[PDB]
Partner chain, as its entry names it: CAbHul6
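Given next, in structure tokens, is a single chain: the form deposited without its partner chain.
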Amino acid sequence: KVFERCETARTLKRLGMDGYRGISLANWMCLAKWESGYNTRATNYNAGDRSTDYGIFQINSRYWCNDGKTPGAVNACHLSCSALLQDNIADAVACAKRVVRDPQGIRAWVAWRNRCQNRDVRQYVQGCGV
């Protein structure tokens, strides 16, 4: 599913993301906009280390979800990577919250650092009623 900007913002707010671990909704939005363009079936294969990024947040198979094919990977979210390709994003959000429960927090994603950190992200939630 390819969510519309404001549609993503309310779905994320409803799922308890606004301010989760000090991370604002605009920050989560900027991340999903750059990670997948708000597309839940987005995927990126990393031939360099044979892992795959899944869903709206492009979560990686090496640490967060089990896809059966990543060498010496773990499943810290205790979910099959299939759960991260659903139109319903509850499972992906649960996994993303788990990710930010570690030291780096939202810094976990290099895209966020690249185009969300120290940036004007208000534009992402402007007019969405959140």
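Numbering follows the first chain given and starts at 1.
Look at the C-alpha B-factors of 71-79 and of 93-101. On average they run higher in 71-79. For the pair 25-33 and 62-70, the record assigns the higher mean C-alpha temperature factor to 62-70. For residue 57, the recorded CA B-factor ranks within the middle third of the chain. Only modelled residues enter the ranking. When all modelled residues of the chain are sorted by CA temperature factor, residue 51 is found within the middle third. Ranked against the other modelled residues of its chain, the C-alpha B-factor of residue 15 as given in the entry falls in the lowest third. Per-chain ranking of the deposited C-alpha B factor places residue 39 in the lowest third.
Beyond the structure shown, there is the form solved in complex with its partner chain, which is absent from this document and is the topic of what follows.
Shown without its partner, the chain has 90, 91, 94, 95, 97, 98, 101 in segment 86-124 as residues with a non-hydrogen atom within 4.5 angstroms of its partner chain in the deposited complex.
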